[PDB]
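Sequence positions in the sequence shown follow the working numbering and run 2 to 351.
Virtual Cβ for every residue (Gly too), placed ideally from N, Cα, C.
This report concerns only the one structure given below.
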Amino acid sequence: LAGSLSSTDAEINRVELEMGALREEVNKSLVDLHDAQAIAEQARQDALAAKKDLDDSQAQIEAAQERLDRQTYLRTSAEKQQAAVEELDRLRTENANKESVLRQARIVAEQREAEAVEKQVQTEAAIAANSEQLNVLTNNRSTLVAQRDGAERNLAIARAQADXXXXXXXXXXXXXXXXXXXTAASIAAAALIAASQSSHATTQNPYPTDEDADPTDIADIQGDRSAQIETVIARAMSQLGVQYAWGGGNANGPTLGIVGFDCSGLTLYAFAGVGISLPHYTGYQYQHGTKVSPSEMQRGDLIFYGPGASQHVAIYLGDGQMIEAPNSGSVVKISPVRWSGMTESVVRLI
């Protein structure tokens, strides 16, 4: 029984890491989508600039055309005509240059707008697939934990034998996280970062579709020290007890699912306190900072799981314990560091 207990906990952690891998897979291609969206919006703001200078060259040529519109007096009027003619020649070749600028800005915006459309539908369907596989994984996990609690009960027997009001809901949650974040410098730094990057929880493109208007456009996130660590870690500890939400989280706190945090969302929140802007994907976070051998990990390091950090992420808290958001049904919690399934390196950002 002891063996089967420990083996169903091994299987529990397998299935939990698989679930993690799928969730983070979707998180990754969500990041890719929002960055392609920013790419598309930058291309058409370029296209709009092109149409702008084409119109100025246009009306310049039309003003010169409208300018086009005894022997001594004829002489000086011929010279006036030459002045007008040379101005039109200038504006002419200017308009040809601007026309080519528009041609190429429009084709580039056409291409990379389409590219963002593609990856958008791509990740919605990837969401569908991963939702199905996740629901399977968590059903299996729940039957496994049933088995595990039962087996523990049997082992105990053996040992004995031997011897829209959702608005009000949201306002409440706001009060919650706002005062749980009670430092002010770190939260305002995280907030700056939050306002620097797109929402990594939705897919719908928050940019214009028609080549009209011009918003702000979000940054691009893909491919002493002691004071810094305590601000970040204090931030993570401050969210202890907050419920888990797939895709949830930003620099200011929990967010609506697809109000909580998922593993890579939580780490982003903590490190944003010291102006460290992190992507909402373990695999991309694994590319930041400096890597350290797991045997030399220390307070502040990031612990990753799965091949190339594809499955899970946690923050090392020091003294052999770490803070993490592990799986559905579990709140943000502190747990001793787990060594099984760990990636080949830890990441030290501070």
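{"Query": "Measure from the alpha carbon of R149 to the alpha carbon of each residue in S294, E212, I13, then state which is nearest.", "Result": "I13"}
{"Query": "Name the residue from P295, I277, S30, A237 whose alpha carbon lies nearest to the alpha carbon of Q123.", "Result": "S30"}
{"Query": "Report the three-state DSSP secondary structure of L350 (helix, strand or coil).", "Result": "coil"}
{"Query": "When burial is assigned at 16 or more other CB atoms within 10 Å of the CB, is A84 buried or exposed?", "Result": "exposed"}
{"Query": "Who does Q223 pair with in a DSSP beta bridge?", "Result": "DSSP lists no partner for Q223."}
{"Query": "Would you kindly work out how many angstroms separate the C-alpha atoms of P216 and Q121, rounded to a whole number?", "Result": "20 Å"}
{"Query": "Quick check on this structure: which residue in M298, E297, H313, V260 has the alpha carbon closest to the alpha carbon of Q286?", "Result": "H313"}
{"Query": "Looking at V338: is its Cβ nearer than 8 Å to the Cβ of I316?", "Result": "no"}
{"Query": "Give the range of the alpha helix (DSSP H) segment to which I128 is assigned.", "Result": "72-163"}
{"Query": "Using the C-alpha atoms, what's the distance from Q288 back to residue 1?", "Result": "As shown, the chain starts at 2 and ends at 351. That puts residue 1 outside it, with no answer to give."}
{"Query": "Using CA coordinates, which residue listed in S7, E212, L18 is at the minimum distance from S329?", "Result": "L18"}
{"Query": "If I follow the unbroken alpha helix (DSSP H) through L257, where does it start and stop?", "Result": "Counting along the chain, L257 falls outside any alpha helix (DSSP H), and DSSP gives it neither H nor E."}
{"Query": "Could you tell me how far apart the beta carbons of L55 and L135 are, in whole angstroms, since I believe they sit closer than 8 Å?", "Result": "No, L55 and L135 are not in contact; Cβ-Cβ is about 50 Å, not under 8 Å."}
{"Query": "Determine, using beta-carbon pairs with one atom in the stretch 57-72 and one in the stretch 85-103, whether at least three such pairs fall under 8 Å.", "Result": "yes"}
{"Query": "Looking only at C-alpha atoms, which of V27, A191, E25 sits nearest to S278?", "Result": "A191"}
{"Query": "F305 bridges to which residues according to DSSP?", "Result": "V314"}
{"Query": "Excluding the 5 residues flanking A48 on each side, which residues of the same chain have their C-beta closer than 7 Å to its C-beta?", "Result": "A106, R107, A110, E212"}
{"Query": "Assuming contact is defined by CB atoms lying nearer than 8 Å, are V233 and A271 in contact in what I supplied?", "Result": "yes"}
{"Query": "For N251, name the three-state secondary structure that DSSP assigns.", "Result": "strand"}
{"Query": "Can you find the residues in the same chain that come closer than 7 Å, C-beta to C-beta, to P255, ignoring five residues on each side of it along the sequence?", "Result": "178, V243, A246, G249, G261, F262"}
{"Query": "From this set, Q43, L75, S8, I128, which residue's C-alpha is nearest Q112's C-alpha?", "Result": "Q43"}
{"Query": "Since I believe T204 is in contact with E125 (beta carbons under 8 Å), could you give me their beta-carbon distance rounded to a whole number of angstroms?", "Result": "6 Å"}
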